[PDB]
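Encoded as structure tokens, the structure appears first; notes follow it.
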Amino acid sequence: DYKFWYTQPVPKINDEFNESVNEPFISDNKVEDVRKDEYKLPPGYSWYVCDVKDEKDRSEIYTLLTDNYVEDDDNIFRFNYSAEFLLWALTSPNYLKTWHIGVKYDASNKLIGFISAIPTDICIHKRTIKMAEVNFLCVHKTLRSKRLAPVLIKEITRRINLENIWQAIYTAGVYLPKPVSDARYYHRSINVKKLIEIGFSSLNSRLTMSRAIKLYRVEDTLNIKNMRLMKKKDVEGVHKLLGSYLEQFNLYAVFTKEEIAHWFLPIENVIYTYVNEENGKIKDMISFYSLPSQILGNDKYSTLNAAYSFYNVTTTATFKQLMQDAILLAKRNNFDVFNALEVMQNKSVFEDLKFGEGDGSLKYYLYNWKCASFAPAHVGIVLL
Ligand SMILES: CCCCCCCCCCCCCC(=O)CSCCNC(=O)CCNC(=O)[C@H](O)C(C)(C)COP(=O)(O)OP(=O)(O)OC[C@H]1O[C@@H](n2cnc3c(N)ncnc32)[C@H](O)[C@@H]1OP(=O)(O)O
Ligand SMILES: NCCCCCCCCCC(=O)N[C@@H](CO)C(=O)N[C@@H](CCCCN)C(=O)NCCC1CCCCC1
Ligand SMILES: [Cl-]
Ligand SMILES: [Mg+2]
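27 is the number of the first residue of the sequence shown in the entry's author numbering; add one for each residue after it.
Here's what the structure looks like:
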């Protein structure tokens, strides 16, 4: 059952809506009526507002997620967002410090839970709505299944509603009421022997080690020869190319110029964006973010270096050629695997480019919004 989720303005498990339905579960909400008081925590635990711009607070969030964040279904790989990744993820334009909420255990003064949101304009089925994007919900492994997570959820909802914002977008690997879409992850091996060693991949009695290395070999030469790291001059051209491209989709972020600068200007070991400029015009782009996983219980390796497909647009090449070059640039940047969801145009190139189907899928959710669900080809946004 979903005893907490049932109490929320989200679809029931059997709710099915027509294409023409595109509206809040609960309208005419009033900032005036929102609770002013912080939700109650169990005895000896306290809210804490985290300053992600302070290196020590940001270290505390980092340590909590390194120890306690999401794993694969077999508990071998744990997401290991870097501290600098977290700074970038949480400091987007017009972010609110008061949306970065920790919970401390009073007796140790240590952070045991966290939840965050950033503001984002989201276009769902051709209506743009101010939303919050919720991410990084984490409770310490030692305090699980004590119903802390609905306290964290209800508290960020209250803070977000104080800002006159009544919809949110979030993603999870767990099934919850009720996905507006569901995208499988696919994986394109780069460092094959490592991936075998750590049990990310496997060999069969058809594939020997040398065969598997040969299969995934790539030519160190770009299809689009001028693709280069994006520069601050490129920001308006990226904004034009990406903004135009994204409008075809059922669900996508509407980016200002300033969000473009934030979300794409490269930061080593965090975000990589490459552009093809022609005539002072940006005609193609490739982006991917770095998200390592800590490898649990492997004597030889501690970390799996992984690049995640972000936003990719081509006007002068094929999309296969574009994504071939995205794999190469990730190889050039020392990544072991290139990961992508079956969103946008991506699935169309998976078989050709030797991506393998994963064992997880990422569900997309909206809070307080009622709409038809859609196939993930129609999803045009990637959350972190
Ligand atoms: C308008 C503004 C709106 C703002 C708010 C919008 C919504 C934002 C929602 C958040 C979006 C975050 C997106 C995001 O960060 C990306 S998805 C990743 C979330 N993080 C992890 O998976 C970290 C590893 N696990 C944990 O820390 C814990 O297991 C957590 C904290 C997840 C659950 O802690 P726990 O100790 O295992 O459980 P209880 O405390 O006993 O709580 C049980 C209740 O929590 C429901 N639950 C479990 N996992 C959930 C999940 N991933 N989303 C939503 N709900 C989730 C569960 O169904 C149950 O409710 P139910 O009885 O109805 O079934
Ligand atoms: N919601 C925001 C973020 C948090 C939610 C994120 C939810 C996802 C959490 C992590 C997760 O399950 N990853 C999956 C996605 O497939 C994953 O890596 N599988 C890998 C490793 C499986 C390890 C064993 N079990 C996987 O299949 N390799 C197969 C690779 C292979 C390459 C060669 C060709 C065939 C397949
Ligand atoms: Cl080259
Ligand atoms: Mg709990």
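A virtual CB, placed ideally from N, CA and C, is assigned to each residue, including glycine.
Quick one: is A401 buried, meaning 16 or more other Cβ sit within 10 Å of its Cβ, or exposed?
-> Exposed, since its Cβ has fewer than 16 Cβ neighbours within 10 Å.
Could you name the residues of the same chain whose beta carbon sits closer than 7 Å to that of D362, not counting the 5 residues immediately before and after it, in chain order?
-> Cβ within range, chain order: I216, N217, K220, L221, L330, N331 and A332.
In whole angstroms, what is the alpha-carbon distance linking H166 and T340?
-> Each residue's alpha carbon lies about 42 Å from the other.
Run through DSSP, which three-state label would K266 get?
-> In the displayed model, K266 falls within a helix according to three-state DSSP.
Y121 and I141 closer than 7 Å at C-beta = Against a cut-off of 7 Å, the Cβ pair of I141 and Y121 comes out as no contact.
Mark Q350 as exposed unless 16 or more other C-beta atoms lie within 10 angstroms of its C-beta, in which case mark it buried.
-> Taking a 10 Å sphere around the C-beta of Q350, we find 16 or more other C-beta atoms and assign the residue as buried.
Might you give, ordered along the chain, the residues of its own chain that have their beta carbon closer than 6 Å to the beta carbon of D260, omitting 5 neighbours on each side?
-> Only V301 and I308 meet the Cβ criterion.
With a Cβ-Cβ cutoff of 7 Å, do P50 and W289 count as a contact?
-> No. Outside cutoff.
Ligand 1 heavy atoms versus the CB of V36: any closer than 6 Å?
-> Annotation for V36 indicates a beta carbon at 6 Å or more from all heavy atoms of ligand 1.
Would you say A194 and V244 are within 7 Å of each other, going by their C-beta atoms?
-> No, the Cβ-Cβ distance between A194 and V244 is not below 7 Å.
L248 Cβ short of 6 Å to ligand 3 heavy atom set | Distances between the C-beta of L248 and the heavy atoms of ligand 3 include at least one below 6 Å.
Bridge partner(s) assigned by DSSP for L277 | Partner(s): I150 and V405.
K204 to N187, Cα distance in whole Å?
-> So the alpha carbons of these two residues sit roughly 21 Å apart.
Could you give the uninterrupted runs of the beta strand (DSSP E) lying entirely in the stretch 362-386, keeping only those of 3 residues or more?
-> With a minimum length of 3 residues, the continuous beta strand (DSSP E) runs that stay inside the stretch 362-386 are 363-367.
Which stretch, first to last residue, makes up the beta strand (DSSP E) that contains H126?
-> For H126, the uninterrupted beta strand (DSSP E) run begins and ends at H126 to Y131, by DSSP.
C-beta atoms of residue 24 and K136 nearer than 7 Å = Residue 24 lies beyond the residue range present for the chain, which begins at 27 and ends at 410; the question has no answer from this structure.
Which of helix, strand or coil DSSP assigns to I138 = In the structure shown, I138 sits in a strand (DSSP, three-state: E or B).
Whole-angstrom Cβ separation of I321 and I224, contact assumed at under 8 Å?
-> Sure, about 5 Å apart at Cβ, within 8 Å.
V75 and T124: beta carbons closer than 7 Å?
-> Closer than 7 Å, so yes.
Entirely within the stretch 275-353 and at least 3 residues each: give me those beta strand (DSSP E) ranges in chain order.
-> At a cut-off of 3 residues, the continuous stretches assigned as beta strand (DSSP E) that sit fully inside the stretch 275-353 are 277-279, 297-304, 307-316, 319-321 and 332-335.
Where in the stretch 80-131 do unbroken runs of the alpha helix (DSSP H), each at least 4 residues long, occur, reported from the N-terminal end onward?
-> The stretch 80-131 contains these whole alpha helix (DSSP H) runs: 81-94 and 109-116.
Per DSSP, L255 is paired with what?
-> According to DSSP, which records beta bridges pairwise, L255 is partnered with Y300.
Between the stretch 227-235 and the stretch 173-183, do at least 3 Cβ pairs fall closer than 8 Å?
-> Touching, no, given that fewer than three Cβ pairs across the two stretches are closer than 8 Å.
Could you work out which residue in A356, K326, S374 and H151 is closest to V296 when comparing CA atoms only?
-> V296 has its Cα closest to that of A356, out of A356, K326, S374 and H151.
Under three-state DSSP, which class holds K219?
-> It is helical.
Are there 16 or more other CB atoms within 10 angstroms of the CB of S207, so buried, or fewer, so exposed?
-> The residue is buried, with at least 16 neighbouring Cβ atoms inside 10 Å.
From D77 to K38, what distance separates their C-alpha atoms?
-> Between the alpha carbons of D77 and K38 lies a gap of roughly 36 Å.
Same chain only: Cβ atoms within 7 Å of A279, ignoring 5 sequence neighbours per side | Within the same chain, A279 has close Cβ partners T146, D147, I148 and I407.
Figure out for me which residue from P69, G382, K346 and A109 has the closest Cα to the Cα of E81.
-> With distances taken between Cα atoms, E81 lies closest to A109.
Whose CA, out of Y32, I138 and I52, lies closest to the CA of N94?
-> For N94, the closest alpha carbon among the candidates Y32, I138 and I52 is that of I138.
Does the distance from the CB of residue 418 to the CB of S316 come in under 7 Å?
-> With the chain covering 27 to 410 only, the question about residue 418 has no answer from this structure.
Contact check, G70 vs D132, beta carbons under 7 Å | Between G70 and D132, the C-beta spacing is below 7 Å.
Excluding the 5 residues preceding and the 5 following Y334 in the sequence, name in chain order all residues of the same chain whose CB lies nearer than 7 Å to its CB.
-> Closer than 7 Å at Cβ, skipping near neighbours: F314, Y315, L317 and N365.
Would the C-beta of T89 count as close to ligand 1, meaning under 6 Å from any of its heavy atoms?
-> No, ligand 1 has no heavy atom inside 6 Å of this Cβ.
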